[PDB]
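4 protein chains.
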Amino acid sequence: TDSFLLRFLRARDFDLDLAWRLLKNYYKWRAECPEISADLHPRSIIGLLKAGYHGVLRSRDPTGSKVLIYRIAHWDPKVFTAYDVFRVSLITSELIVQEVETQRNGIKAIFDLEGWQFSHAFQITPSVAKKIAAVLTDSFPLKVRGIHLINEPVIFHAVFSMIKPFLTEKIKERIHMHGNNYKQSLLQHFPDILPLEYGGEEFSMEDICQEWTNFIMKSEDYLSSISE
Amino acid sequence: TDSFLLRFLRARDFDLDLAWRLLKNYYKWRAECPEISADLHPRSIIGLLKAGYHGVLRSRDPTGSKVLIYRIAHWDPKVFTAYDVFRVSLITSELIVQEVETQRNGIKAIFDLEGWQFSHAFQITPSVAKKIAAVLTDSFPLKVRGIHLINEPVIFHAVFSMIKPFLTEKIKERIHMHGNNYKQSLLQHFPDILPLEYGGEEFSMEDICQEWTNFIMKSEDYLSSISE
Amino acid sequence: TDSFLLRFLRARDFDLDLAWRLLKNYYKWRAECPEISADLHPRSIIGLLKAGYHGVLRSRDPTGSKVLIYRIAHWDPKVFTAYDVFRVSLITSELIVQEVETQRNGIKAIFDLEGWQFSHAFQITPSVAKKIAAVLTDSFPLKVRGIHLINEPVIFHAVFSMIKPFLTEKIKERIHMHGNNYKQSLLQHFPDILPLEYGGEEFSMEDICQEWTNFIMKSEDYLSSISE
Amino acid sequence: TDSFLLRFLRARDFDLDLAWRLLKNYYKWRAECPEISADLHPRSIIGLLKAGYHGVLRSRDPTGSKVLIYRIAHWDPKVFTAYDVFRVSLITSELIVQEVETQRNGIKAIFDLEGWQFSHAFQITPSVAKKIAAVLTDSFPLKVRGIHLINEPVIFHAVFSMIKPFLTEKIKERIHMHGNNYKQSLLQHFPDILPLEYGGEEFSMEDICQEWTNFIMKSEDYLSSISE
Ligand SMILES: Cc1c(C)c2c(c(C)c1O)CC[C@@](C)(CCC[C@H](C)CCC[C@H](C)CCCC(C)C)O2
Ligand SMILES: Cc1c(C)c2c(c(C)c1O)CC[C@@](C)(CCC[C@H](C)CCC[C@H](C)CCCC(C)C)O2
Ligand SMILES: Cc1c(C)c2c(c(C)c1O)CC[C@@](C)(CCC[C@H](C)CCC[C@H](C)CCCC(C)C)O2
Ligand SMILES: Cc1c(C)c2c(c(C)c1O)CC[C@@](C)(CCC[C@H](C)CCC[C@H](C)CCCC(C)C)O2
Ligand SMILES: [Cl-]
Ligand SMILES: [Cl-]
Ligand SMILES: [Cl-]
Ligand SMILES: [Cl-]
């Protein structure tokens, strides 16, 4: 069967030395952040999901990557903390990493930063920013093939300035900032598969969020299994 | 007669040490890429030529450089591979290098990247990208005086990011990206000589492609001679 | 045209550094042995040829190598010296090296040492032995793919002991000693192409010698051209 | 055919390392002095030739060297510059170097310095003097076997003092100064072949100059070929 080791091998192109280091950092990072990784049961973040914060596209991008969508406007920082929000991505990642094609072709994430407030950045402490850079680089068995930021306000760049120093040059090359006129540039990266709200043709974000919410709730037994 | 050595001397301004190194890399590169350079007979790429992928201007630029035109939209990656396409440039280069004035004044190439798809970049592997940088720098007796990219889509820069690390600073200075509004900037570099499709006045790309296709087919005996 | 340089490139697999060194040794060796290489006109060794000392097979071996045959019994050391005999091989080599397929696939030589006397070895001085090793290794643009010694007497090994210290390990691997029962082992290396005297089926050594003698005499104008 | 390389090999006794260095300096020197070597067409110096400045003996010296004669009195420094005069020697050298026997036996030059004025030395700048020493030593594929100065005035030694520091010891050994009573000493070096004006028996300098002038004008097509 697809062993737990196999996802780490594929993430590092069957370089046993590199895959081993990634495995070490995976356990290390999970140990230094139990407030995110100790309990992966969707119980603590179901409110976030039903608020419409997160969803995953059905179809893959032209290179076979899984496409993830985050909407920061649907995150209420008064209700959920940065750790809660982080846990959502962690939960999704632990699920999609089971897909062999995702293991081979990595993922791409889209962040709709419309509605980013000063109530969001306060949650993003230096410790949090470094943990963000960790999972983006060499602490989780997922190839980050691209990060796409749209509708990012001027005040956000201060937040990104906290993450960038801990980023490898490879990942920095893969982070895109589109601004408010994102639609044309975003459609080139993701043809046919985007939802209606982002220039897409068929499905809406509400449907996509609901579907992924169901899948997470459905996978609640597996998410408990990998909890320590 | 214009010896085979003479083209290497002129390419390095009669610096015998440098011209010798270029000769060494010329044979080395040809040995490490037989899937491109072993057989230069136009047989394997005649379909590409008649598709309208490549053509050479009759008139030289204001500095005497030969001007080459490539249209990526006329490359069907399902039919022809990157090696096939590479072979086209190799064939053209082996022909125009016979011109003494081309030896002295180098070449300039225009790439119409309109229609660049994710089906094109998949062909461009790290090994291919490094071979591209090789012939652009110090592995073929042709001075690359300028590379002009027009209509380049957003997704192309990821491909260029694979080539750039292997490029010398001199060549990087000579690579131009014009975007969609290229016509004004392109006409300044190439007055009077451009085809109709790119702001020109007289000839069309279809004529230019056909003429160069005829010349290549006509030179099929010479191209077989230099095959190993 | 097939330049004089090209034979040196092919001899060293288009390694310009190595091919250059071979060219240097080619001129050096020719300069330190004018009593062999100054005059390559068949005048001085026509008697050797008509005595039946040397011949070249029409057909190539299974790998495309030219096959050369020497019969030491037809060398009268009282009439011709070691330098005269050496000149024969030099003349043949300068002729067969013009064949592109010989340049690519190298040569193989068969020495019938039947009749090797103490009047032959006296001619083989330490200086001569070292010159033999020179052309076998890195002083002539011919790949020596194999040397086959048959009917070698016990007293010959003393002579070979003079050559061996100056031989590279590569060439030593390619020197074969078959003894008196050579026919079976020799036929495995050279199927279908051997003459009647050595297990062959069709042609005789006398015919083969005469044919190569004619060709050398016919090429007398070219052999004068390369004389210094 | 006698390749362009072959003249450099013979000039350095088939020492490939040394012949290669001479080739490098040949292109270097030609690049640092285009005001002498860019255009070798006899157009710019035909007046010098018809003035009777230069001629070449028909017969070779006892060692087979080509013998060149220069008469400084027939150089009008008001009309022709040092570069023009230098070009004459360059033109002659590029012609006589085609002779295989000249390649093997080198050249000898005779300078009649009778009439050397202070209007001649002003043309001989430090830069010019060093260029003179360059072609005399290791920058042109011609063995300088001897330089003979006759009728040299006292004021000339200041000019020679500018050249001597850049001369190798070998060439310095081969430079002879005869003075006004040169005839006896000059006849020992050049028996039977000298013109009437220098103790000769048959031909006059006017005939010799005219003959070489015709040959240069006749070779005007070749001299254009080697121009860059
Ligand atoms: C394995 C994996 C994880 C675990 C992951 C992400 C990706 C691509 C992964 O492959 C992306 C998002 C992230 C880092 C969660 C981020 C948590 C914070 C609270 C998000 C809100 C504010 C961010 C400042 C917005 C920008 C984020 C991008 C710069 C990644 O969690
Ligand atoms: C001697 C010589 C060769 C041999 C040559 C070129 C030039 C200017 C030369 O002087 C330019 C084109 C190239 C490198 C062939 C490229 C092959 C690939 C398949 C082209 C399609 C995709 C490219 C990623 C498009 C961008 C190319 C530019 C950045 C050069 O082949
Ligand atoms: C380029 C080239 C030359 C020039 C050449 C040979 C080969 C294979 C070449 O590729 C083989 C023969 C040789 C060395 C001539 C040998 C001269 C002596 C006189 C031969 C008689 C006695 C030899 C002791 C017999 C054994 C020779 C083998 C050990 C090669 O000349
Ligand atoms: C290949 C070659 C060249 C190119 C050459 C010469 C020789 C022997 C060559 O082999 C001799 C003459 C020279 C150097 C041209 C000299 C130019 C000047 C203007 C001559 C007039 C004044 C000289 C100060 C007179 C003395 C010259 C000797 C000391 C050589 O050009
Ligand atoms: Cl972008
Ligand atoms: Cl530009
Ligand atoms: Cl054997
Ligand atoms: Cl003297």
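Protein sequences, first through last, are from chains A, B, C and D. Taking the authors' numbering, the leading residue of the first sequence gets 48, the next gets one more, and so forth. Taking the authors' numbering, the leading residue of the second sequence gets 48, the next gets one more, and so forth. Taking the authors' numbering, the leading residue of the third sequence gets 48, the next gets one more, and so forth. Taking the authors' numbering, the leading residue of the fourth sequence gets 48, the next gets one more, and so forth. Backbone N, C-alpha and C define an ideal beta-carbon position, used for all residues, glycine too.
Show which residues of chain C have a CB atom less than 7 Å away from the CB atom of residue i.
i             : result
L63 (chain D) : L70, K71 and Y74
Residue i by DSSP, collapsed to three states: which one?
i                     : result
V103 (chain B)        : strand
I119 (chain A)        : helix
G193 (chain A)        : strand
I171 (chain A)        : coil
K177 (chain B)        : helix
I240 (chain B)        : coil
residue 276 (chain B) : Because chain B spans 48 through 275 in this model, residue 276 (chain B) falls outside it and cannot be assessed.
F158 (chain B)        : strand
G226 (chain D)        : strand
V126 (chain C)        : coil
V114 (chain D)        : strand
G153 (chain A)        : coil
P109 (chain A)        : coil
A66 (chain B)         : helix
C256 (chain C)        : helix
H88 (chain D)         : coil
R59 (chain A)         : coil
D268 (chain A)        : helix
Would you mind working out which of the options sits nearest residue i, comparing C-alpha positions?
i              : options                           : result
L243 (chain A) : A:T128, A:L104 and A:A66          : A:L104
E199 (chain D) : D:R151, D:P188, D:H223 and D:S186 : D:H223
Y245 (chain A) : A:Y229, A:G102 and A:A180         : A:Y229
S266 (chain A) : A:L241, A:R77 and A:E141          : A:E141
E220 (chain D) : D:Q235, D:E248 and D:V191         : D:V191
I218 (chain C) : C:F55, C:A156, C:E146 and C:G99   : C:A156
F169 (chain C) : C:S136, C:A129 and C:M252         : C:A129
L53 (chain A)  : A:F133, A:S208, A:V147 and A:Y269 : A:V147
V206 (chain A) : A:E253, A:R134, A:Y100 and A:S166 : A:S166
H204 (chain A) : A:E249, A:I171, A:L183 and A:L234 : A:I171
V114 (chain B) : B:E253, B:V132 and B:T139         : B:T139
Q235 (chain A) : B:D131, B:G153, B:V201 and B:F61  : B:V201
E253 (chain A) : A:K97, A:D62 and A:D64            : A:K97
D131 (chain C) : C:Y100, C:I143 and C:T149         : C:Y100
So with CB distances below 7 Å, who are the chain A contacts of residue i?
i              : result
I116 (chain B) : Neighbours of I116 (chain B) on chain A: none; closest Cβ ~24 Å, over 7 Å.
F165 (chain B) : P109 and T110
Against residue i, what residues of chain B qualify as contacts under a CB-to-CB distance less than 9 Å, listed in chain order?
i              : result
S112 (chain A) : Within chain B, no residue comes near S112 (chain A); the closest Cβ sits about 11 Å away, beyond 9 Å.
I want to verify the contact list: residues of chain D whose CB lies under 8 Å from the CB of residue i, in sequence order.
i             : result
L56 (chain B) : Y74
Using a cut-off of 8 Å between C-beta atoms, extract the partners of residue i located in chain E.
i             : result
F51 (chain D) : The chain labelled as chain E is not found among the protein chains of the depicted structure, namely A, B, C and D.
Show which residues of chain A have a CB atom less than 8 Å away from the CB atom of residue i.
i              : result
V201 (chain B) : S232, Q235 and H236
Determine the chain C residues that contact residue i at a beta-carbon separation under 9 Å, and present them in chain order.
i             : result
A78 (chain B) : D60, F61 and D62
Applying a beta-carbon distance threshold of less than 9 Å, which residues of chain A neighbour residue i?
i              : result
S174 (chain B) : Result: empty, since nearest Cβ-Cβ is about 14 Å, beyond 9 Å.
Taking Cβ-Cβ distances shorter than 7 Å, what residues in chain B pair up with residue i?
i              : result
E220 (chain A) : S208
Touch check for the segment 106-125 of chain B and the segment 260-274 of chain B: three-plus C-beta pairs under 8 Å? no
Cβ contact (3+ pairs, closer than 8 Å) linking the segment 114-121 of chain D and the segment 154-164 of chain D: yes
Would you call the segment 206-224 of chain A and the segment 169-176 of chain A in contact, with 3 or more CB pairs under 8 Å? yes
Indicate whether the contact test is met: 3 or more Cβ pairs, each with one atom in the segment 182-193 of chain C and one in the segment 69-77 of chain C, closer than 8 Å. yes
Three or more C-beta pairs closer than 8 Å, one from the segment 191-205 of chain D and one from the segment 224-233 of chain D: is that the case here? Yes, the segment 191-205 of chain D touches the segment 224-233 of chain D.
Tell me, please, whether the segment 74-89 of chain A touches the segment 101-115 of chain A by the rule of three or more beta-carbon pairs shorter than 8 Å. no
For the segment 57-68 of chain C and the segment 84-95 of chain C, state whether three or more C-beta atom pairs, one from each stretch, are separated by less than 8 Å. no
Mind listing which residues of the segment 94-113 of chain A have their C-beta closer than 7 Å to chain B's C-betas, in chain order? Listed by position along the chain: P109 and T110.
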